[PDB]
Every structure is written in C-alpha cells, then in structure tokens.
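# Residue-level structural notes
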Amino acid sequence: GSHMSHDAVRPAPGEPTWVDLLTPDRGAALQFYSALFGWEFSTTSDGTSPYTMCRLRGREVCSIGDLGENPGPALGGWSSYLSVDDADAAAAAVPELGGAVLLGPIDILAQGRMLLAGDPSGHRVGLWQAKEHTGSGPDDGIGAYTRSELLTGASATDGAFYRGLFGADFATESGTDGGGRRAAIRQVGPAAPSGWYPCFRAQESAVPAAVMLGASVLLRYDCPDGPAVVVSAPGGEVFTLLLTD
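As recorded in the PDB entry, the protein chain goes by Glyoxalase and comes from Streptomyces sp.. This entry's official PDB title is "The solution structure of abxF, an enzyme catalyzing the formation of chiral spiroketal of an antibiotics, (-)-ABX".

See the structure below:
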C-alpha cells in the first residue's frame, strides 16, 4: 500500500456515473448490440473471462453479464447510478417523497454504499454514494451515452421525488429547459412501457436493424434533442434509441 496521485470525474452530484446491464443471454446480447451500433469488446489473454468489457473507439461503454434462471418479473436491465452528496439521507427522503427503499444504504466491502427504491416487482432505481476516486471519460459520438429518462404513468408525483433529491429544496437545482444533459421524469400511459431507460445515439438505419435481430418497439415520441424510441431487446432489457446525424 502507498499514496499516489489520482483523477476522479464528476465531483459534484447530478452528473452521470455508470450503468450496468444484466441479461440472461450474454452471448446473444453481444450480437444484438453489435448489430445496433457495433460496439467493440475487450480481448482477454486467458480463456473464458468472467465478464466482457464493451468499448467503442477506445471508450469504455459498459459491461454485459449473464443472469441465470428465473430472473424475475421486472429487473430494469440498465441500472442507472448517479452520484450524490449524502445517500444516507436520501434513504429517509425516499419514503418522505412517496417511495420505498428496497435495499441499502449498505456498505459493500468498505468501498461504497448504494441506494435502491421502486416497486417490489424488482425495479432497481437509486443513487450511488461516491467516497473514493473513480475513473471515467465518455466520448461524444454515435453510440455514446446521451441522458436518462424515467418512463412512468405518474410524472406529477415522480417529479416530487427528484425535487427532494436535487431540486429547489437543495442548492444544486440545475436544469432550465425540459431536460438536456441530466435525468428527467417522463409521463406515459398503460399501453406504453415503464421503467428507467437510458438514451443511446444511433442512425436511422439502426432502427430497423434492431427489429431484424428480434427486438420490438414499445413507444415512439419526439424530443428537442432528437427523436427517441423505446425498444425492448430480446434479452428482456429495454433501451432507448435516439437518431442523430
């Protein structure tokens, strides 16, 4: 052990951190995404590696692993994780805002604590408490992260939730226009999908490509930053495609 330099990204709360994707069929997943955008993968010297590191033009994208048997009715797939000032406190805010803390705040190997909330169906939604220095550095191209949205049939209420995390209640109440470079609450109905779905830049030609692979659309809406469409991948996880030329 010894002390050395370090570089952490996203010092203040509100900025994106990372997202993990759990799918039952890793082998198929790779193919799927590969045909959407063509994200590269990391090469391991050893035999069968535990997980695959998905990279694009030398830019860490994400990691995809297997699920197993009997996943559950509603997982969420892409588990959004945003840094906060005081997760411990958010736990108390959860109920106060009209939610339910599923798991946490719990310490994991004295490295970090995370928070979970949502419905008992298995919706994984919360925030991660950054303590130590973490590395990051996304890119600004087709395929890179864009933003995150909350597909719910009660935005009126969901809004209150975020409001208490980092809205007017707090000082870090960033956000003028109707969502740009931060997470926002979206309103839907019963026929439409539900759950946190991140946004991924793609081409018009990728839209149909996905279908061919065995995916289906749920809802199609417009947005100021571009057209956004919700697509349910065969794995179970749902993702949002945003066309950008």
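On to the pairing of strand β3 (residues 52-56). Side-chain alternation along β3 places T52, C54 and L56 on a buried face and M53 and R55 on a face that remains uncovered. Between the end of β3 and the start of strand β4 (residues 59-65), which pair antiparallel, lie 2 residues, with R57 showing a positive phi angle near 50°.

The full count for this structure, using the stated rule, is 13 aromatic pairs. With a centroid separation of 4.1 Å and 5° between ring planes, the pair formed by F37 and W39 is classed as stacked. No difference in accessibility class separates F37 from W39, as the two residues are buried. Between the aromatic rings of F166 and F170, the centroid separation amounts to 5.9 Å while the plane-to-plane angle is 75°, which identifies the pairing as edge-to-face. Relative accessible area serves as the criterion here: at 34%, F170 is assigned to the partly exposed category.

Between its first and last C-alpha, helix α3 (residues 155-166) extends 16 Å over 12 residues, near the 16 Å set by a 1.5 Å rise per residue. Those residues of α3 lying buried are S155, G159, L165 and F166. For α3, the angular spread of the buried residues around the axis is 115°, confining them to a single face. Structural note: α3 exposes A156 and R163 on the side pointing more than 90 degrees away from its buried face. Of the surrounding elements, those touching the buried residues of α3 are α2 (87-97), β9 (145-152) and β10 (184-187).

For the rest of this paragraph, the subject is a nonpolar patch on the surface. Together, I106, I108 and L109 give the surface a local cluster of nonpolar side chains, amounting to about 310 Å² of exposed area. Summarising the element assignment, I108 is placed in strand β6 (residues 106-108). Given a relative accessible area of 38%, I108 falls into the partly exposed group.

The next subject is the pairing of β9. Burial analysis of β9 places 6 of its 8 residues in the buried class, which makes it a mostly covered element. Pairing of β9 with strand β11 (residues 195-202), which is carried by 6 bridges, proceeds in the antiparallel orientation. Counterpart to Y145 in the pairing with β11 is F200. Where β9 meets β10, 4 bridges bridge the pair, whose relative direction is parallel. Looking across to β10, one finds that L151 is bridged to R186.

With the rule as written, the count across this model stands at 5 salt bridges. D88 is paired through a salt bridge with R113; the nearest N and O atoms lie 2.8 Å apart. Of this pair, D88 sits in helix α2 while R113 sits in strand β7 (residues 112-114); the two residues are 25 residues apart in sequence, bridging distant segments of the chain. Exposure remark for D88: the relative accessible area of 34% places this residue in the partly exposed category. A salt bridge links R147 to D225; its shortest N-O distance comes to 3.5 Å. Pair noted here: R147 is in strand β9 and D225 is in the loop between β12 (216-221) and β13 (228-232), with a separation of 78 residues, a long-range link. A residue is classified by how much of its surface remains accessible, and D225, at 29% relative accessible area, is partly exposed. Here the salt bridges share partners, and the residues they tie into one network are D88, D107 and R113.

Criteria and thresholds
- Residues numbered from 1 in each chain as written, not as in the entry; some residues may be left out.
- Heavy atoms only, no water.
- Buried < 20%, exposed > 50% of the residue type's maximum accessible area, 1.4 Å probe, protein only.
- Helix = DSSP H or I, 4+ residues; strand = E, 2+ residues; numbered from the N terminus.
- Pairing = 2+ DSSP bridges.
- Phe/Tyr/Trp six-rings, centres within 6.5 Å; stacked < 30°, edge-to-face > 60°.
- Expected span 1.5 Å × (residues − 1).
- Arc of directions from axis to C-beta.
- Contact = heavy atoms within 4.5 Å.
- Patch = residues over 30% accessible without salt bridge, like charges linked within 9 Å, V, L, I, M, F, W, Y side chains within 5 Å.
- Areas by Shrake-Rupley, 256 points an atom, 1.4 Å probe, with all protein chains shown as cover.
- Salt bridge = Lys/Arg side-chain N within 4 Å of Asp/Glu carboxyl O.

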